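To keep things clear, I will list the structure first and then write my remarks on it.
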Amino acid sequence: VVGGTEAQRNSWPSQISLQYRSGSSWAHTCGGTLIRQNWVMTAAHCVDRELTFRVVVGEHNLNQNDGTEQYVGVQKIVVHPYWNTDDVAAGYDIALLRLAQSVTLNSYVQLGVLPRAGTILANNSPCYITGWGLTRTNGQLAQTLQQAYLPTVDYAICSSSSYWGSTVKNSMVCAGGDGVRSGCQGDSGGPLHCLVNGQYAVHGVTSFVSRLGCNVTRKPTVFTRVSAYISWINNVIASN
Ligand SMILES: [Ca+2]
């Protein structure tokens, strides 16, 4: 997250860190949202390499054991069957991970709230991105979870030639684009939390930024629109 601040500790309790094993070590690669006690929602592009993955819930500082974390392996990976690794702009950047154990819910570990199927937010709706991604273009992962305010940019504006044009589809949500705040590498897969009727819900799964850099004016961060995938999500959980 570029242009953000450190989140209050455990204040986004559905946020997970997705990590892969590198020799004897684990490394953060992406975010995700806990949606059931044994299911996490993330981006397809985060899990379509053949690595060993684990999920960390209740995480805040990636480099110290805080005592709120629970560490669990990934038993099954369900990528959307229409995802194409070579064409992030075609969409379908979503996957569900079935965890090896159910996590224990508590103050620090909660299920994320998803929107009802097909919900669309008005332009400039209030949302926050969270994650441990780079805190500058070509910089360093954050040690502590970051948040930044990133208001929505509706489909008509975002797909205009002044923004992303035809790179963005209506199965995506765009947010930010101010040139200061944005998602960045290592935030992918994680949530965009948007305020609806006083409650935050996870309306996006972080998918991509410009090749020119993370915080680029009129290139908002682009997210998979969760509300376009509610039927798919429930189908996968019901049948897996
Ligand atoms: Ca920690």
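Heads up, the Cβs are rebuilt from the backbone with ideal geometry, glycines too, and the neighbour counts pull from every protein chain shown. Any read-out appearing in this document is the output of simple, stated calculations on the displayed coordinates, not a laboratory observation.
Somewhere in region 98-105, is a residue under 18 Å from the mean Cα position of the chain (by Cα) and either more than 16 Å from the ligand (Cβ to nearest atom) or touching a residue at least 12 places away in the same chain (Cβ under 8 Å) (or both)?
Filtering region 98-105 for residues under 18 Å from the mean Cα position of the chain (by Cα) gives 98-99.
In the following step, the residues that additionally are either more than 16 Å from the ligand (Cβ to nearest atom) or touching a residue at least 12 places away in the same chain (Cβ under 8 Å) (or both) were identified as 98-99.
So far as region 98-105 goes, yes, one or more of its residues are under 18 Å from the mean Cα position of the chain (by Cα) and either more than 16 Å from the ligand (Cβ to nearest atom) or touching a residue at least 12 places away in the same chain (Cβ under 8 Å) (or both).
Which pairs do you get when a residue that is of a type in the set (S, T, N, Q), found in region 68-80, comes within reach of a residue that is more than 16 Å from the ligand (Cβ to nearest atom), reach meaning Cβ atoms under 6 angstrom, with the pair 6+ apart or on two chains?
From residues that are of a type in the set (S, T, N, Q), the pairs are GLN75/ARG98; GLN75/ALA100.
Being in a strand (DSSP E or B) and within 15 Å of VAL56 (Cβ to Cβ) is the filter here; which residues of region 91-108 pass it?
Going residue by residue through region 91-108, those that are in a strand (DSSP E or B) are 95-99.
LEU97, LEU99, listed by residue number.
For region 93-108, check the following and say yes or no: at least one residue is surrounded by 19 or more Cβ atoms within 10 Å (Cβ to Cβ) and among the β-branched types (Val, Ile, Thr).
Of region 93-108, the ones surrounded by 19 or more Cβ atoms within 10 Å (Cβ to Cβ) are 93-97, 99, 103, 108.
Add one more test, that the residue is among the β-branched types (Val, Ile, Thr), and what stays is 94, 103.
Checked region 93-108: at least one residue is surrounded by 19 or more Cβ atoms within 10 Å (Cβ to Cβ) and among the β-branched types (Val, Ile, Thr).
Could you tell me whether any residue of region 53-62 is among the aromatic types (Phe, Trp, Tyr) and under 20 Å from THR130 (Cα atoms)? Let's see the steps before the verdict.
As a first pass, look at region 53-62 and keep what is among the aromatic types (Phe, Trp, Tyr): 53.
Next, from what is left, pick out any that are under 20 Å from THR130 (Cα atoms): none.
No, every residue in region 53-62 fails to be among the aromatic types (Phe, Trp, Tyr) and under 20 Å from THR130 (Cα atoms).
Mind listing whichever residues of region 189-203 are more than 13 Å from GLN15 (Cβ to Cβ) and either crowded, with 24+ Cβ neighbours inside 10 Å or among the basic types (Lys, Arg) (or both)? Spell out the reasoning first.
As a first pass, look at region 189-203 and keep what is more than 13 Å from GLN15 (Cβ to Cβ): 194-199, 201, 203.
Scanning region 189-203 gives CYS194, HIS203.
Out of all the residues in region 204-226, which are surrounded by fewer than 19 Cβ atoms within 10 Å (Cβ to Cβ) and within 16 Å of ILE120 (Cβ to Cβ)?
none
Tally up the residues in region 124-138 that are in contact (Cβ under 8 Å) with a residue 60 or more places away in the chain and surrounded by fewer than 24 Cβ atoms within 10 Å (Cβ to Cβ), please.
Residues meeting the conditions: 8.
This table checks each residue for (1) within 17 Å of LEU18 (Cβ to Cβ); (2) in contact with a strand residue (DSSP E or B) (Cβ under 6 Å, 6 or more places away or on another chain).
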position: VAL103; (1), (2): yes, yes
position: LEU150; (1), (2): no, yes
position: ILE157; (1), (2): no, no
position: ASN170; (1), (2): no, no
position: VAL173; (1), (2): no, yes
position: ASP178; (1), (2): no, no
position: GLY186; (1), (2): yes, yes
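In region 184-215, how many are under 20 Å from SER227 (Cα atoms) and in a loop (DSSP other than H, G, I, E, B)?
Of the residues in that region, 6 qualify.
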